[PDB]
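The figures here come from the full heavy-atom set of this structure, side chains too, leaving out hydrogens, waters and symmetry mates. Note that ligands are numbered from 1 as they come in the structure, with each ligand's atoms numbered from 1 the same way. Chain identifiers are assigned alphabetically (A, B, ...) following the order of the sequence lines, protein sequences preceding nucleic acid strands; residue numbering begins at 1 within each chain.
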Amino acid sequence: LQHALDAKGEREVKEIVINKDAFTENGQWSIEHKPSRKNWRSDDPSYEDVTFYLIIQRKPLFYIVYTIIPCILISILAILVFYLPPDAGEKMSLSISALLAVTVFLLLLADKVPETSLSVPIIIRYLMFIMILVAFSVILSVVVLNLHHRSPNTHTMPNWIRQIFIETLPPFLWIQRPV
Amino acid sequence: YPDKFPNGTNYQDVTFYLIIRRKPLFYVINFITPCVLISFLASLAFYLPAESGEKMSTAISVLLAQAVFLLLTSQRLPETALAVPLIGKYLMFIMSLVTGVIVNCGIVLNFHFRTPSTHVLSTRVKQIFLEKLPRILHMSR
Amino acid sequence: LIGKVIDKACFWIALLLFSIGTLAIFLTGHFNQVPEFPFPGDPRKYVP
Amino acid sequence: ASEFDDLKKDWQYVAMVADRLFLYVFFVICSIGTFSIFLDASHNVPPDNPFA
Amino acid sequence: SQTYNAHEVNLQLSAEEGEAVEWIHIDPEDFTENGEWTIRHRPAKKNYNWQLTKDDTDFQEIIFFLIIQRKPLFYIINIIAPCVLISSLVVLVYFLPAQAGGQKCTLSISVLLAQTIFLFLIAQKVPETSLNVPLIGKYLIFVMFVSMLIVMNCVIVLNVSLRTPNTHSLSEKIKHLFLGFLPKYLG
Amino acid sequence: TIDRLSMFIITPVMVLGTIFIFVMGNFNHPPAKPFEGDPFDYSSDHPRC
Amino acid sequence: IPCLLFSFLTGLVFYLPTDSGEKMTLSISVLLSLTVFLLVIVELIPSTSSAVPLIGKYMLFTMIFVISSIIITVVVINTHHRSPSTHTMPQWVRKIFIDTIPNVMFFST
Amino acid sequence: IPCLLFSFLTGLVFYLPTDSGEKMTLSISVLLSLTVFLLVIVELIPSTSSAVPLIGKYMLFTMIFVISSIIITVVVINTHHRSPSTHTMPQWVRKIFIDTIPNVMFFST
Ligand SMILES: *[C@@H]1O[C@H](CO)[C@@H](O[C@@H]2O[C@H](CO)[C@@H](O[C@@H]3O[C@H](CO[C@H]4O[C@H](CO[C@H]5O[C@H](CO)[C@@H](O)[C@H](O)[C@@H]5O)[C@@H](O)[C@H](O)[C@@H]4O)[C@@H](O)[C@H](O)[C@H]3NC(C)=O)[C@H](O)[C@H]2NC(C)=O)[C@H](O)[C@H]1NC(C)=O
Ligand SMILES: *[C@@H]1O[C@H](CO)[C@@H](O[C@@H]2O[C@H](CO)[C@@H](O[C@@H]3O[C@H](CO)[C@@H](O)[C@H](O)[C@@H]3O)[C@H](O)[C@H]2NC(C)=O)[C@H](O)[C@H]1NC(C)=O
Ligand SMILES: *[C@@H]1O[C@H](CO)[C@@H](O[C@@H]2O[C@H](CO)[C@@H](O[C@@H]3O[C@H](CO)[C@@H](O)[C@H](O)[C@@H]3O)[C@H](O)[C@H]2NC(C)=O)[C@H](O)[C@H]1NC(C)=O
Ligand SMILES: *[C@@H]1O[C@H](CO)[C@@H](O)[C@H](O)[C@H]1NC(C)=O
């Protein structure tokens with residue numbers, strides 16, 4: 001086995017040939033390299049093949065428009081929930097609806113991700129990151145509401161909570177209440 | 001094809017072209033009209049009084065409906081990357097405006113629930129939000 | 001107090017309705033069993 | 001009633017302060033994680049020598 | 001036979017040791033059961049179409065039957081039990097307070113939404129014929145109609161519980177109808 | 001007041017953006033001539049020779 | 001049958017008093033259920049563009065019915081939390097909705 | 001992992017005070033998220049009836065866990081909004097839930 005020669009045959013062609021008159025670009029894949037090399041096997045003297053390689057880069061616009069922008073908007077909501085006042089009562093609604101939306105996005109992607117177990121794709125890592133972040137937003141919103149609905153008939157304020165949240169933190173966070 | 005030679009099999013071909021336009025009616029009925037009329041409601045969220053506890057629920061449910069239309073649309077086109085379909089462009093634009101409505105409602109709420117024990121009513125904020133803007137927006141008394 | 005009496009009565013009606021419907025439907029399913037003979041009117045079992 | 005009110009307002013103030021803290025913490029964590037993932041994804045290009 | 005008629009070939013069943021084999025043969029040792037279907041009966045018979053003659057090729061035929069029962073386990077675990085347990089929540093609305101904050105409508109309409117998702121899940125599994133309605137779809141229609149009745153009951157109890165003298169007049173006929181003997185005959 | 005302002009700002013952008021985006025797509029017609037640099041119509045009703 | 005159910009529910013919202021904070025919850029949840037049912041309609045109905053089927057005309061009637069209910073609910077809620085400090089009841093509204101329909105209304109209490 | 005997350009959240013509802021009217025919102029929305037994730041399970045997992053898988057036993061444990069949380073939450077809400085006039089608190093509940101438990105617990109405020 002050898003390599004094919006060029007049109008005016010003097011020299012070998014060590015790559016995949018593409019004819020511009022007949023070639024349809026893929027639309028999802030850019031061909032970066034296309035070499036060609038003979039391969040042997042030291043254990044098998046009778047083996048010889050001619051392999052053609054196609055190094056191809058994916059164009060991810062579809063996945064950007066259908067997965068990353070919605071997740072950025074969900075993360076914006078999950079940070080917004082801490083700006084709400086507890087007297088509004090729309091806090092659990094915001095947090096848990098964000099969770100339901102991330103579940104819908106997971107459903108959306110359930111049919112488009114490779115089903116191999118040698119690694120986890122970065123897009124699924126990003127989705128699980130956002131999902132766990134929304135979950136922790138839910139947990140801390142519950143904690144905030146619990147602290148907000150406390151009263152002397154049920155709880156007595158300890159000293160470490162008072163020190164940390166009435167003297168140490170407000171000066172940093174620039175939230176000193178009116179004297 | 002003059003770059004090739006008449007002694008090969010790549011020099012000649014007869015091609016037949018079909019230019020076909022899509023009749024948009026299925027999509028106009030099952031996707032566009034529902035999505036546009038559900039999306040308009042997120043702006044009606046700005047007319048609900050704050051003393052109702054449903055300003056946020058309305059806009060967030062509109063965003064969940066949009067996420068269901070996004071799931072439906074994601075299944076009809078190829079995953080090519082030469083352009084963004086007009087439908088996906090509308091989807092991203094409308095979902096980002098609904099997200100902005102949700103954030104703006106959260107800010108209205110934050111300002112509504114302020115009390116002398118936690119915040120101060122600036123004379124500046126009383127100059128902007130209490131006499132000039134109302135008169136410009138032509139609001140009741 | 002008027003609405004609390006309505007709920008208690010309507011509770012006792014809704015519980016019965018849901019339970020009886022569920023049980024009837026699914027016990028019909030459970031009782032749908034294959035006949036005993038391959039051909040109804042035949043007294044043979046057709047087995048080796 | 002005034003005394004009960006003051007002691008309930010202290011709890012509400014604690015809640016508001018914890019809320020502002022959590023807000024900043026979540027903003028920082030979200031930004032950092034999102035950027036680190038996006039940079040990791042942007043620096044994944046094929047090499048220059050196909051090694052073949 | 002696709003070519004020959006009853007004047008040419010005579011189709012019969014096999015007879016081993018003098019006794020006919022009127023059944024499908026199944027190796028008891030090596031046979032692997034399906035996964036969803038259990039074989040109850042496996043008979044076989046020679047049939048004739050009497051609308052035809054012995055000059056046709058479709059007058060005689062050997063038929064093998066397979067009467068199979070279904071293993072309803074995937075459906076019980078993934079659909080039946082989740083949907084029954086979720087639809088049983090609509091009776092908890094009668095113990096919630098009839099005021100702003102009880103969330104009687106929240107709970108009932110959310111159970112309806114969950115049933116609407118179970119409709120899509122079943123929609124992907126049921127046969128598409130139109131001679132009878134399946135049992136699963138019949139049960140879904142039943143529970144969704146019960147959920148709608150309980151939503152209407154929640155709306156009527158909230159309407160009654162939030163009435164005021166400025167809006168409605170409470171009459172002695174009512175008070176005597178609901179606060180004289182009915183609570184006694186009830187709770 | 002912040003709410004009346006957010007209305008008088010968000011609602012126009014939403015209506016005008018929807019109208020624009022969909023009218024733009026409604027006016028997308030095939031070029032009415034099969035090949036750009038060619039006056040022929042390639043129609044069965046009007047052969048060239 | 002689901003579309004029939006959703007239309008009846010779309011009508012129920014108008015007997016729920018605004019004092020409870022659940023009119024928008026109810027309306028918008030009916031709309032959400034209908035939007036999730038759209039997934040079953042799209043899975044089952046034929047996706048052809050020769051004409052609009054009768055089943056599709058009915059689905060779209062239900063959609064606009066729900067959305068109109070939601071809009072009118074927001075106008076009812078706004079009319080209820082109306083502060084006298086800023087809005088004075090006009091003479092036509094006080095004549096039509098206090099001294100005419102109440103009396104005309106027969107099936108009532 | 002999503003099922004683990006949903007179970008951990010399913011326990012959280014018991015730290016949410018009844019004063020806020022959002023216990024049912026949280027519980028039922030967790031249930032809604034689990035019901036939507038059931039479509040993902042039914043899509044990814046093989047659909048066989050030879051036996052119950054371990055992943056399916058876990059999904060049904062999570063389901064029954066959520067539903068039990070909802071029932072006991074409704075009993076907590078009912079015990080919270082209990083009118084004093086009618087229900088005269090009995091001695092055994094008063095002794096148990098007022099004298100012994102508050103003291104036996106320590107990691108509390
Ligand atoms: C699963 O499905 C199969 C069908 O795919 C079911 O099988 C059916 O089971 C029925 C009940 O066991 C059978 O009914 C019995 O049929 C036989 C034979 O009937 C045929 O011959 C009749 C007589 O023909 C003479 O008279 C005619 C009229 O004068 C003349 O035209 C003709 O030339 C002859 O002189 C004929 O009248 C009839 O129309 C048939 O052609 C009867 O003898 C029995 O009395 C029937 N009843 C019973 C209780 O056995 C039915 O034949 C059979 N069909 C097939 C295709 O095998 C099976 O039962 C199902 N299993 C389940 C549901 O578990
Ligand atoms: C794409 O995949 C192919 C096949 O898996 C890769 O080709 C293989 O690459 C390895 C590493 O470069 C080669 O091994 C090396 O071969 C040279 C030959 O002179 C030797 O000197 C080195 O010590 C080493 O053994 C291997 O021969 C080569 N071919 C095959 C068929 O395996 C290729 O590198 C991959 N390309 C990229 C960009 O990853
Ligand atoms: C439908 O597709 C066909 C091709 O499949 C289009 O015909 C081809 O269009 C290209 C681009 O317009 C033409 O190339 C041009 O050629 C001229 C002359 O050499 C040059 O000056 C331009 O820069 C460009 O390269 C090509 O000649 C033409 N013909 C063929 C046979 O390929 C056709 O226009 C398309 N129709 C529509 C309505 O889009
Ligand atoms: C085809 O024609 C070209 C140009 O004259 C020439 O170089 C080539 O050798 C020819 N091929 C054959 C097979 O004759």
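- Under the 4.0 angstrom criterion, atom 14 (O) of ligand 4 counts as having a protein heavy-atom contact.
- Of all heavy-atom pairs between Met63(G) and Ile38(B), the closest is SD-CD1, 4.3 Å.
- Considering backbone and side-chain N/O atoms, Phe35(F) never comes within less than 3.5 Å of an N/O atom of ligand 3.
- With ligand atoms numbered from 1 in the order given, ligand 1 contributes 59 (O), 61 (N), 62 (C), 64 (O) to contacts under 4.0 Å with heavy atoms of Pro38(C).
- Between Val113(A) and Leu109(A), the shortest heavy-atom distance links the atoms CG1-O, 3.3 Å.
- Annotation: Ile67(E) places no N or O atom under 3.5 Å from an N or O atom of ligand 1; distance criterion only.
- Nearest approach of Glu79(B) to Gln28(A), heavy atoms of both residues: O-CD, 3.5 Å.
- Set against the non-hydrogen atoms of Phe65(E), the atoms of ligand 1 under 4.0 Å away are 3 (C), 4 (C), 5 (O), 57 (O).
- Among all heavy-atom pairs drawn from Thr80(B) and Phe62(A), the shortest one is O-CB, 4.3 Å.
- In this structure, the separation between NE2 on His7(E) and NZ on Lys54(E) is 5.0 Å, given to the nearest 0.5 Å.
- In this structure, the protein non-hydrogen atom closest to atom 7 (O) of ligand 4 is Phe5(B) CE1, 5.0 Å.
- Note: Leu39(H) CG to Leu121(E) CG = 5.0 Å, rounded to the nearest 0.5 Å.
- When each atom of ligand 1 is checked for a heavy atom of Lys45(E) under 4.0 Å away, the hits are 57 (O).
- Residue contact check: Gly41(C) has heavy atoms under 4.0 Å from atoms 49 (C) of ligand 1.
- Given atom 6 (C) of ligand 4, the protein heavy atom at minimum distance is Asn7(B) ND2, 4.2 Å.
- Listed by atom number, the atoms of ligand 1 under 4.0 Å from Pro40(C) heavy atoms are 11 (C), 12 (O), 59 (O).
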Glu48(A) vs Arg41(A), test: salt bridge (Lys or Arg N to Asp or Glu O under 4.0 Å). Steps then yes/no.
CA-CA 8 Å; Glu48(A) 187 179 21; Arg41(A) 287 186 186 163; over 6 Å; no
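- Shown here, atom 36 (N) of ligand 3 is in close reach of the protein: a heavy atom of it lies under 4.0 Å off.
- Nearest to atom 12 (O) of ligand 3 among the protein's heavy atoms is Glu36(F) OE1, 3.6 Å.
- When distances from atom 31 (C) of ligand 3 to the protein are checked, a heavy atom turns up under 4.0 Å.
- Across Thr33(B) and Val28(B), no two heavy atoms sit closer than the pair OG1-O, 2.7 Å.
- Distance CE/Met24(F) to CD1/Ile19(F): 14.0 Å, rounded to 0.5 Å.
- Among protein heavy atoms, the minimum distance from atom 39 (O) of ligand 3 is reached at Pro34(F) O, 4.9 Å.
- Regarding atom 1 (C) of ligand 3, its nearest protein heavy-atom neighbour is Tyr17(B) CD2, 4.5 Å.
- Taking a distance limit of 4.0 Å, we find that atom 22 (C) of ligand 3 is approached by no protein heavy atom.
- For atom 28 (C) of ligand 3, no protein heavy-atom neighbour is present inside the 4.0 Å cut-off.
- Taking the six-membered ring for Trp and thresholds of 30 and 60 degrees, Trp50(E) and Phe59(E) have ring planes more than 60 degrees apart, a perpendicular arrangement.
- Contact annotation: for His41(E) versus ligand 1, there are no heavy atoms closer than 4.0 Å.
- With respect to the salt-bridge test (charged N to carboxylate O, under 4.0 angstrom), the residues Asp38(F) and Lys33(F) do not qualify.
- Ring pair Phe39(C)/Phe65(E) is perpendicular by interplanar angle, where above 60° counts as perpendicular and below 30° as parallel.
- Nearest protein heavy-atom neighbour of atom 22 (C) of ligand 1: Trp50(E) NE1, 4.5 Å.
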